There are 2 protein chains.
Amino acid sequence: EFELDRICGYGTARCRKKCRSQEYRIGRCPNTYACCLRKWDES
Amino acid sequence: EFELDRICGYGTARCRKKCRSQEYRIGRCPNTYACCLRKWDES
């Protein structure tokens, strides 16, 4: 089983239900989810 | 751009670089990643 997850933010960010503690929200994905961009600090 | 992510743990868990704070590690995915199972508490 896989999941096809969208990479949002013009290929920089990931669509999530909820952003991780070391990510910033930078918008919404069309499916509803948050678009989440890593801080350098996340890794 | 998408990413095809593996659902591990016999369809219960997700492969991640690092498990989220309200997930438990329940193994490794073949690509190297942690297999991460949600607590009821994650959601």
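The analysis underlying the following values was restricted to heavy atoms, covering all of them including side chains, and did not include hydrogens, waters or symmetry mates. By convention in this document, chain letters (A, B, ...) are assigned in the order of the sequence lines, proteins followed by strands, and residues within each chain are numbered from 1.
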Using a strict SG to SG cutoff of under 2.5 Å, would you count A:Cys15 and A:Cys8 as disulfide-linked?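 A:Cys15 does not pair with A:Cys8 as a disulfide (SG atoms not under 2.5 Å apart), so no.
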
Using only the SG atoms, establish whether B:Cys19 and B:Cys36 come within less than 2.5 Å of one another. yes

Between [X] and [Y], which heavy-atom pair has the shortest distance, and what is it?
| X | Y | result |
| --- | --- | --- |
| B:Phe2 | A:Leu4 | CB-CD2, 3.5 Å |
| B:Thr12 | B:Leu37 | O-CD1, 3.4 Å |
| B:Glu1 | A:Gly11 | OE1-CA, 4.1 Å |

Any chance you could measure A:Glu3, atom CD, to B:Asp5, atom CG, to the nearest 0.5 Å?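 So the CD of A:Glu3 and the CG of B:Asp5 are separated by 6.5 Å.
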
How many angstroms lie between OG in A:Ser43 and NZ in B:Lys17, if you round to the nearest 0.5 Å? 8.5 Å

[atom1] of [X]: more than 12 outside heavy atoms within 6.0 angstrom?
| X | atom1 | result |
| --- | --- | --- |
| B:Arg20 | CZ | yes |
| B:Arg28 | CZ | yes |
| A:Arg16 | CZ | yes |
| A:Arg38 | CZ | no |
| B:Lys39 | NZ | yes |

Does the salt bridge (charged side-chain N to carboxylate O under 4.0 Å, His left out) test come out yes or no for A:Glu23 and A:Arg14, once each step is laid out? CA-CA 10 Å; A:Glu23 289 170 351; A:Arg14 93 160 342 234; over 6 Å; no

